[PDB]
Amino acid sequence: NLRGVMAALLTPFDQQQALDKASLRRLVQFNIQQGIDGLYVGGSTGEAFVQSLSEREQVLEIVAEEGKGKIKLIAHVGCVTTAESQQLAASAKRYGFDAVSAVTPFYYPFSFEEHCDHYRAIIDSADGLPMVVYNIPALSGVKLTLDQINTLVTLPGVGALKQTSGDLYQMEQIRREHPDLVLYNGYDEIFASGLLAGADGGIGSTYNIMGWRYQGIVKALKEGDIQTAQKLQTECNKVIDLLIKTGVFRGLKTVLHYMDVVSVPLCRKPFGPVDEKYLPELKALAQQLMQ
């Protein structure tokens, strides 16, 4: 029951670069009203790795108050530290999330057994909550094999895989091996093809501003209308082309700001602000997205 299209939620900050709880709530609700299946909180999109545990715990608690019960809630608990992740797993359980998730610990090179044991501990602290292994080689630097992916995916307590890899041959091998697994397409740029390959849903950050399109693609493919599915995917990619230019997290926040959801569309440094030149296309996209 975790299958679906879930927005990878952004965390709005104020001018002092501190959570803008008023905008977070405004964002949780915005996402809900756009027909998303659930929320993935505290992930890469949420600038989790540029945050503290207490900060991430705080974001966790606020979205649960805002959305527990309404949609499916998945907490990204991943830290490079196991002990740190368990803490977050523990709070996630306590706040009432539906599932837990974690990136493959990065920076320090870890053997695969260390990767399995890391997931085990987090699964343990999660206290019953199904785990969503989070695979993103491009940012984590962790290049898992198919067998390793199969081993992790079959670990007790693991209930899903978040595949942020544009390797669609592996996406289907995974599906062929595990017909019942909940597989989320991590790269928005290839959503439609990802589903055709074996994905039964997705978790992506561009959903925040246009989740209905992704859900639209789900219906189109479900009704054998690949013609509109494709149309939706290019529309989604025209956006992604732009966001990749302006910077994705900050560009999404600028759009959301023009949508009157986010007060201050800032990301935390190292990130800088959007180049002013991009502001008009973003303003424009916000207005146009209001469809």
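Numbers follow the displayed sequence, beginning with 1.
S.K.: Using only C-alpha atoms and the B-factors in the entry, which stretch averages higher, 54-62 or 223-231?
M.R.: Result of the comparison: 223-231.
S.K.: Could you check which stretch, 138-146 or 161-169, carries the larger mean CA temperature factor in the entry?
M.R.: Higher mean C-alpha B-factor: 138-146.
S.K.: So if I compare the CA B-factors in the entry for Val262, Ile244, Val41, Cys236, which one is the largest?
M.R.: Highest C-alpha B-factor among the listed residues goes to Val262.
S.K.: Hey, what third does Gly211 fall into on Cα B-factor, ranked over its chain?
M.R.: For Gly211, whose C-alpha B-factor we compare with every modelled residue in the chain, the answer is the middle third.
S.K.: Can you work out whether the C-alpha temperature factor of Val133 puts it in the lowest, middle or highest third of the chain?
M.R.: For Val133, the deposited C-alpha B-factor lands in the lowest third.
S.K.: Looking at the C-alpha B-factor of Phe110, is it in the lowest, middle or highest third of its chain?
M.R.: According to the entry, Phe110 has a C-alpha B-factor in the chain's lowest third.
S.K.: By the recorded C-alpha temperature factor, relative to the other modelled residues in its chain, which third is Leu285 in?
M.R.: Answer is middle: the recorded C-alpha B-factor places it there.
S.K.: By its CA B factor, does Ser205 count among the lowest, middle or highest third of the modelled residues in the chain?
M.R.: Highest third.
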